[PDB]
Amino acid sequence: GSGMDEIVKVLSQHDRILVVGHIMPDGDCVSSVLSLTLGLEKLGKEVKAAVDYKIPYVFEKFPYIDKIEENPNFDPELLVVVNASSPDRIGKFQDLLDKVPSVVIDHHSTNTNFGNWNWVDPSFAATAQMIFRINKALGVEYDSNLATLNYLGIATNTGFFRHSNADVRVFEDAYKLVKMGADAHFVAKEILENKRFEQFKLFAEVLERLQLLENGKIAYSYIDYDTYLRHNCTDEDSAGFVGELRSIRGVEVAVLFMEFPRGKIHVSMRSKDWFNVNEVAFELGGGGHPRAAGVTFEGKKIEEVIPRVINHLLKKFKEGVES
């Protein structure tokens, strides 16, 4: 694939750019979209940012969040798709892939290389780290707001420096961004301290349905669509729940089945010390990382998905213990 140098040249050559992130945006999406958009604007370019999805509440106080548009009305000369592993993930903007030359910048090993130019590097924990390097290579000077926005995705994708992907390069980037004015406490407060009361009630439903297997080493639970409705919640509200199940003493693998909307079952998997959940996800048609991976089924009963996923998980887990 192309490297950073080729993507920097392409970005330099084009002056009307649409930067696009993926649906159901998370911290790395907002971070990467806004950090690249602002970097390119500082070079004088005419740039718009777009996500075909409602921006979640926790991002509403971030600087420049209103630059992300659902309906940009912009005819770009270049499409730049960040942190999105496949064209279906960018919603209605995938139609532009047929009309406009495109750049892909992504850390997901699952990326389908759907751009005319692709820089995909899974050694990074966050696409925001790739945007940081692109901006510095282009000559962008950071201010505090841009540093805060670029810090955001590095923090969220590492669980705020807790996960296995928080390596030396993550800590060096975070130090450089805080030195340049990133407001680390602002980011933690807005992302992690805006919990709805209903999210506590929703998690109580998860605890009620929690089941342990394999001498307590596997824990799984589920939320069906009627339960989301009962609590005025969506799958936005159950973010972080599967990590709470991983946090139980003695659990090595945590799995959460989430039905939202009706008939769409998302499977979120996390592992603690050694089990490669990405191998299970891939074999079920999904994908991810060794310690965090997922699968999405459409048109299924939760009663069919759960036993299939658990069966495959148990088979591979029992292999790993003997090895």
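All residue numbers are counted from 1 along the displayed sequence.
Colleague: Per the PDB record, is the mean Cα temperature factor higher over 70-78 or over 99-107?
Modeller: Here the higher of the two C-alpha B-factor means belongs to 70-78.
Colleague: So, looking at the entry's B-factor column for Cα atoms, which has the higher mean, 192-200 or 85-93?
Modeller: Stretch with the greater average CA B-factor: 85-93.
Colleague: Among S247, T158, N215, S238, which carries the highest Cα B-factor?
Modeller: Highest C-alpha B-factor among the listed residues goes to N215.
Colleague: Split the chain's modelled residues into thirds by Cα B-factor; is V19 in the lowest, middle or highest one?
Modeller: It falls in the bottom third of the chain.
Colleague: Considering every modelled residue of the chain and its Cα B-factor in the PDB entry, is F257 in the lowest, middle or highest third?
Modeller: It falls in the bottom third of the chain.
Colleague: Split the chain's modelled residues into thirds by Cα B-factor; is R270 in the lowest, middle or highest one?
Modeller: Bottom third by C-alpha B-factor.
Colleague: Sorting the chain's modelled residues by C-alpha B-factor, tell me whether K61 ends up in the lowest, middle or highest third.
Modeller: For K61, whose C-alpha B-factor we compare with every modelled residue in the chain, the answer is the middle third.
Colleague: What third of its chain's C-alpha B-factors does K42 belong to: lowest, middle or highest?
Modeller: Middle third - that is where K42 ends up once the chain's C-alpha B-factors are sorted.
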